[PDB]
Each structure stands twice: as structure tokens, then as C-alpha cells.
Amino acid sequence: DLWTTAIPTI
Amino acid sequence: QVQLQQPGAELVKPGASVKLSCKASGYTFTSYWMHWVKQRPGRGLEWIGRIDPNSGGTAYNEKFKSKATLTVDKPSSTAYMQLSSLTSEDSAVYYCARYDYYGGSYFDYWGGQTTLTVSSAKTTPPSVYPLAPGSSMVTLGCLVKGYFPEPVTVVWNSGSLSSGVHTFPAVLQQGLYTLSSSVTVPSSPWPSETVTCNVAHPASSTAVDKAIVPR
Amino acid sequence: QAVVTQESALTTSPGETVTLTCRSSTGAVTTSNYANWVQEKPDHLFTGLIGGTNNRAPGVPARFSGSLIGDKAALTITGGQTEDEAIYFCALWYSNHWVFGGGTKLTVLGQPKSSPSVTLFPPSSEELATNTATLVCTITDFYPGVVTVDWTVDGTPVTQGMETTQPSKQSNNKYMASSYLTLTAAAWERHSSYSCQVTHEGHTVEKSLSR
């Protein structure tokens, strides 16, 4: 789940 | 003049991996998210994912995470998308779309292309046959059958003809293209003067000039 | 399978208001979906018009507005323009990824209706000499841009070895398209009649030839 920050590579 | 330039098209063999580009100019590259969309006629559009130019912060569509890798090179302001282990299914147009965040959310600007063709087919020259009637006054034509891979250039009377000429898009039967170009003229020029189409297929280093004759 | 849907095609005139809608399969389209509307004009030119349900992307004409109608997202174009003829795409955000609709192909009647200008070409003998035949049917100057092409051999509908291109915009803004029928030289030598049927706005046009 995203839409930023915690996710670089997913 | 916000711009997103993308290579028109790229040809690659099944099983390879390409690295598509999206050069940005006009705005501050790192203050806008970038997205990548995939389109295949008949199917519509699919979201591949998005990269945050400032963080490198990345986000993928699960169906594309083990197939696409998004990145950017801040100094040159361009965005990239590396597609791997290419197959037929990956033949498509791939767009890069600039995204707006906060104040609100926007998908404002789009690059314009890059249709990717993934085929394991060898180059093939076209065959040109003259389309004449059997029986704005009379329409003639040139059939450019079975060439691979796009594009092809059709001209009529080396440019001497501007009106009536209608080159159609190519169809793909048996992993092989084909198109035709038409040109209508006053019943006077024909057969009096004569028309000749100028087919050119760059990949096959071929150029055929055919004059259309009576029938 | 969270699919998004839209109207296949709609028609309007210059000056009228038109609304396009967007369905969410999960249920009501809400603000948490951030509805995005995108325009695609001839030769893959995309431009986003509305983002976040109703935010107009800067630089977009004021005649474009978005909202929610019922449990759907809507794109309102008031005072319809001719350039506005294009296909419109819908995009919804479902928590961690976007999903588009099939797109609504919008028609703004900015010019007169004109039936297709059909021409049927028989197979060239040069191609014939290679034991293969191809009938070519050019279709130009028609508007609106939708036609249905049908091939018929000996009066009977054939649906094999047939390729029709998707209508393409001409110089003068009308639409053109081509269809093809390929057979083996052999197959071509047993039949007598060949015809290209073009149906446009409920009116059907045909061009035939007898080998």
C-alpha cells in the first residue's frame, strides 16, 4: 500500500 | 512549454530488456511525481507505477513490479523505465505522465509516445503492386504488402502530388505489416499523364517506384 | 478485479453541454478515489483535464468541470467545442494503484455529415502471379468517424482473411479508413462476385466487381 514515503522498491 | 519528450518507437527481440526515456524540461523536475502508463489498442490503459524524482521514492502496480524498474537522473531531468525479459504481451505504447501533488492531485502533462514492438521476426522488404480501377475523377493506388518492421514511406510522383493522396495505417496479419496509399486525380491526367508511388522501407534498404497502368 | 467503466461513445453539438460518467465496480465513487479525467486527441496526444474529483488542471479551459453524480464521477464540458472531439479517459485511485476506464469516444458535430467515398480495387495481376489475391477497399471523406465494413463473396458474407483499419482523421477533418480481403489466387478464381459493404450512419454503400 502506498502514495509515498515507505515505499522505494515497491 | 512544459515538455515530456519520449523516443517515438523502439524495436527489440523477445527476451531482451529495454530502457525507455522521458526527458523533462520547462518545470522544476524534482517537484512533480512522474508516472508510467501502458496502452495496447483494444485494452485501454494500465498504470505501471510512479517515481518521486526528489526521493527516488518509488511505487509499483503489483502486476508490474517484477517487470518494470523506474528511475531518474536528476541532473539531466529525464525519467526512465527499464522493462525486462520482454515478450509479445509487452508490445505497446508506454507513456510518461507528470503528476501534481497537493493543493490537489493532477495528471497534467503527458509525453507522447514510445510504442514498443517486441517481435522475433526478421526484416522483410515490401512488395508493391499497382491498384488500378477495373470499370476528383479517378482514384489510383499502391499496395505495400508484407514488410517488417515499421515504418515505410509512401510518396506519390516524388512530391508532385499533394491532393487526393491518402496513406492508410498498416494492418498486421501473420506477424507482417501491409498498408496502401491512394491518390485521386482528374480523369484528364489519367491515363494521359501518369502517377507513380514511391514506396520506401528503410530497414530493408529498399525503394520501389511503380507506375500505375491501364485496366 | 476492481474495474472502472465509462460510456463507449457519446455525441454532442457545438455549444451544448455534455456529461461523461465513471463507474467504480466496488461501489460508490468517492473522494478517496481522486477521480482523474484525461483527454486523448488524434495521434496519441494526452492531456489531463481534471484531477482529484474536481480540480481543473492549470491551463485547462473553464468549460471543463468535474464532480460526482449519483455514485459516479462525472466530467462536465459546457459550451461544447469542435476541438473537444476526442476520446476521454477516466482514472480512479484504489488505495495503492490507479485504474482507468475504457474511455468515452466523444463526438462534437463540428461539420456536416458526409457519407463514405468508397473505392474497390481488384487484385493486381502482379500480385496474382505470386498465387495470392488481395482486394483493397479505400474509404474516405466520411463523418462521423464510424463505419462498419462487410465483405461478401458471391453475395455471401465472408469473415476470414479480412482486415479493417480503425478510422483515421483526414486533412479536412473528415475520417478515412481501409479494409482488405486476402485469399489464395486459387480461391479467387472460383468465385465471381466480390463486394465491399460500408455502413455509415444507418446508410449502407456497396462497391462490387465481377472477376
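Quick note: the coordinates plus some simple rules give every number you see, no bench work behind them. Neighbour counts run over all protein chains shown; Cβ positions are idealised from the backbone, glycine included.
Data for the structure
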item	result
All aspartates and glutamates inside 17 Å of residue B:145 as judged from Cα atoms, apart from same-chain residues fewer than 8 positions distant	B:209, C:126, C:127, C:163
³J(HN,Hα) computed for each position of the stretch C:193-201 - Karplus, 6.51 cos²θ - 1.76 cosθ + 1.60, integer Hz, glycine/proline x	10, 9, 9, 9, 9, 10, 9, 9, 6
Hz values of 3J(HN,Hα) by residue in the stretch B:36-44 - Karplus curve (6.51, -1.76, 1.60), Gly and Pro given as x	10, 10, 10, 10, 10, x, x, 8, x
Fewest-first ranking of B:205, B:105, using other Cβ atoms within 10 Å as the exposure measure	B:205, B:105
Nearby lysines by direct alpha-carbon distance to residue B:67 (threshold 25 angstrom, same-chain neighbours under 8 apart not counted)	B:13, B:19, B:23, B:38
Inter-centroid distance (Cα atoms) of the stretch B:111-167 relative to the stretch C:102-117, Å	26 Å
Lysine pair number, Cα distance threshold 23 Å (strictly under), chain C, separation 8 or more or different chains	13
Distant-in-sequence amide H partners of residue C:49 (H built 1.01 Å from N, under 5 Å)	C:37, C:38, C:39
Per-residue Cβ neighbour rank within 10 angstrom, fewest leading, B:86, C:209, B:143	C:209, B:86, B:143
CD proxy at 222 nm, helix term only [per DSSP H run n ≥ 4: -39500 (n - 2.57); per residue of chain B; nearest 500]	-500 deg cm²/dmol
Estimated distance in nm for a label pair at residue B:65 and residue A:9, the labels positioned 7 Å out from Cα along Cα-to-Cβ	1.2 nm
For chain C, calculated [θ]222 nm from helices alone, where every DSSP H run of n ≥ 4 adds -39500 (n - 2.57)	-1000 deg cm²/dmol
